[PDB]
Amino acid sequence: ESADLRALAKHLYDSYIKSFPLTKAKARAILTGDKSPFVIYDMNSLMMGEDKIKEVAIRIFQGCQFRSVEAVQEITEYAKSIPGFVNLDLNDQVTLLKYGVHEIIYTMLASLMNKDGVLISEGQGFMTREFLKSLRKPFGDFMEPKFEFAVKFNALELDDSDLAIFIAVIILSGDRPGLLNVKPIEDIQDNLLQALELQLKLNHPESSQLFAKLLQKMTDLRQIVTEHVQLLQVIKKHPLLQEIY
Amino acid sequence: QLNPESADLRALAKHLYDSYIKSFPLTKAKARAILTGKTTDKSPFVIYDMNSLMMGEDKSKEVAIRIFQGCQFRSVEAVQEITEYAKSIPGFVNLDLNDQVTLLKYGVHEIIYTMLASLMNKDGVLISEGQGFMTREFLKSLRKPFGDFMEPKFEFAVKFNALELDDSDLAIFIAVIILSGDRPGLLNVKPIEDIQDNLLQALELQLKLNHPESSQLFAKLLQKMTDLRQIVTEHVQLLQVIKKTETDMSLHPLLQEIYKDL
Ligand SMILES: *c1ccc([N+](=O)[O-])cc1C(=O)Nc1ccccc1
Ligand SMILES: *c1ccc([N+](=O)[O-])cc1C(=O)Nc1ccccc1
């Protein structure tokens, strides 16, 4: 039992490092304390930030779309490193990714957030929570719930080795709509759940019931995703450019 | 064997189970006995259509609205039972009163649908303390938007029931649900987290002892909390539609208060 589980944890960690350029460890060192990020706290600061790194709200949402598309490819590469994933039915792999990416994106974005803002462009920039909140509707309320979630998620003080297994657990969710063969997805998630539990007990022996607390955060996470999707529909309100997004 | 710290967790499990039985008059054990025909004395009358619905009241609105009103007022009575159970959870009544109200406000419906699953199979749901059984098909046939009210609960129930939890398991699970430190507007999160920590420990051990062959049942149970939240979020929205389309339909103030700015 045990050998399999520590091999799985190390493997996922190594893959996670390969696939995700800006890890939580690198990000936390930026948000605490040789180069600080360029801080975007203003309309004017945003203007200069573009010179360094139609209107303001729309241009930021577009940058945000670009970043999303990058992140989905990172996540897809990672998913394919999870033992068993590529041997699943192809439709099912596509379904797991389709419904998993948003959960994964905002989980991992918490690594780049504190209560005051979020790192951008590989940690070269920092956009303040208040600046994003000041954007005119409906853009002003776009990131706020992700910040609220992140504050609660970051209080678990998970590190990259923990998160690598948790993200894999998220990917292997057997309740996604339209799955054809749920059994092996649950079988793999069971194994990943065992590996996460062990990892959190070995890595954080003093955090009582960290495993249970982490799993419970999915409830808030799925809430934020459903709100996000609804807002995206509301926002839908160069052809080749429209196609990519 | 058991050590002193795990012994205390067993005592807590037993206390919660005991309070659960005293608080909730129709248990999963009784519901399953009714449903699976351990019965000559316990057989329900089955409501599957208009004429059988009529006959059921022997043992004035329209059909869809009358059922919904009955469903409403049973909800209220269930909130009462959950509130009396909550008081039994050690530490709960010692919390800030405002936090007691917040925890109930956000937790009571997640508990309602957890326990409703006990009274459901794929074909319908037990009603009136298990004396009746209303079919899923009949409910789904009610006019819009009432016909889609209960379907999400059935879909959740069938998956939840595959975990094969018993009342002793459920008693600790519903306590964990109530003592969530991540509910919005809580004043003092720490004391709540400390209670849940202990409850989570007691649930883990309970599932290990009661279901030793069921791998990661604890994790799989905790994952179902997300389904519950999604039910409650959706259910609320459907209520707002119903209110607006039926200006003559009354919502009980307890329920209206619970959903207010949720
Ligand atoms: C920004 C705008 C729109 C979407 N969307 O269409 O879903 C997503 C985002 C977003 O959050 N992208 C992102 C991903 C990862 C890190 C930062 C930003
Ligand atoms: C039925 C109709 C309306 C509401 N509501 O307004 O919230 C709720 C319900 C309902 O779920 N009733 C119920 C819950 C649990 C067990 C039996 C009946």
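Cut-off values and rules
- Residues numbered from 1 in each chain as written, not as in the entry; some residues may be left out.
- Chains lettered and ligands numbered in written order.
- Heavy atoms only, no water.
- Residues with missing side-chain atoms left out of burial classes, pairs and counts.
- Helix = DSSP H or I, 4+ residues; strand = E, 2+ residues; numbered from the N terminus.
- Expected span 1.5 Å × (residues − 1).
- Buried < 20%, exposed > 50% of the residue type's maximum accessible area, 1.4 Å probe, protein only.
- Near = heavy atom within 4 Å.
- Polar contact = N/O pair within 3.5 Å; in protein donor to acceptor, adjacent residues only side chain to side chain.
- Areas by Shrake-Rupley, 256 points an atom, 1.4 Å probe, with all protein chains shown as cover.
- Nonpolar A, V, L, I, M, F, W, Y, C, P; charged D, E, K, R; others polar.
- Pairing = 2+ DSSP bridges.

- Regarding how it was determined, this PDB entry cites X-ray crystallography in its header, along with a resolution of 2.15 Å.

### Here we look at helix α8 (residues 167-178) of chain B
All names here are of chain B.
In step 1: Taking 1.5 Å as the rise per residue, α8 with twelve residues should run 16 Å; its terminal C-alpha atoms sit 17 Å apart, in good agreement.
In step 2: A large share of α8 lies buried, amounting to twelve of its twelve residues.
In step 3: When α8 is considered as a whole, its buried residues turn out to be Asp167, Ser168, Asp169, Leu170, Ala171, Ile172, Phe173, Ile174, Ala175, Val176, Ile177 and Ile178.

### So, the site of ligand 1
Residue and element names in this part refer to chain A.
In step 1: For ligand 1, the full set of nearby residues is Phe61, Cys64, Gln65, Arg67, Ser68, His102, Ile105, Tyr106, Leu109, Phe142, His228 and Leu232.
In step 2: At a separation of 2.8 Å, a nitrogen atom of ligand 1 approaches a polar side-chain atom of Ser68.
In step 3: Between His102 and ligand 1, the recorded distance is 3.5 Å, taken from a side-chain N or O atom to an oxygen atom.
In step 4: Out of a free accessible area of 420 Å², ligand 1 has 87% covered by protein chains.
In step 5: Where the shell around ligand 1 is concerned, the elements lending two or more residues are α4 (56-79), α5 (90-110) and α10 (210-235).
In step 6: Sort the elements by how many residues they give to the shell around ligand 1 and α4 lands first, with five residues.
In step 7: Looking at the shell around ligand 1, its residues break down into seven nonpolar, four polar and one charged.

### Side note on the pairing of strand β3 (residues 124-127) of chain B
Residue and element names in this part refer to chain B.
In step 1: The sheet contact formed by strand β2 (residues 120-121) and β3 spans two bridges and is antiparallel. Along β3, the bridge assignment pairs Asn121 with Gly124.
In step 2: Between β2 and β3, which pair antiparallel one after the other, the connecting turn spans two residues.
In step 3: Direction of pairing for β3 relative to strand β4 (residues 132-135): antiparallel, over a ladder of four bridges. Note on β4: the bridge partner recorded for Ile127 is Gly132.

### Brief notes about the sheet that holds strand β1 (residues 45-47) of chain B
In step 1: Taken in spatial order, the four strands make up an open sheet running β1-β4-β3-β2 (chain B), and their pairing is mixed. Looking at the sheet topology across the chains shown, the edges are occupied by β1 and β2 of chain B.

### Quick notes on unusual backbone geometry
In step 1: Residue A:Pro138 is reached from A:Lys137 by a cis peptide bond, and omega for that bond is 5°.
In step 2: One can find A:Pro138 in the loop between α6 (129-134) and α7 (144-154).
In step 3: The amide bond that connects B:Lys144 to the next residue, B:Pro145, takes the cis arrangement and shows omega of -5°.
In step 4: Positive phi outside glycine occurs at A:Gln209, with the angle close to 60°.

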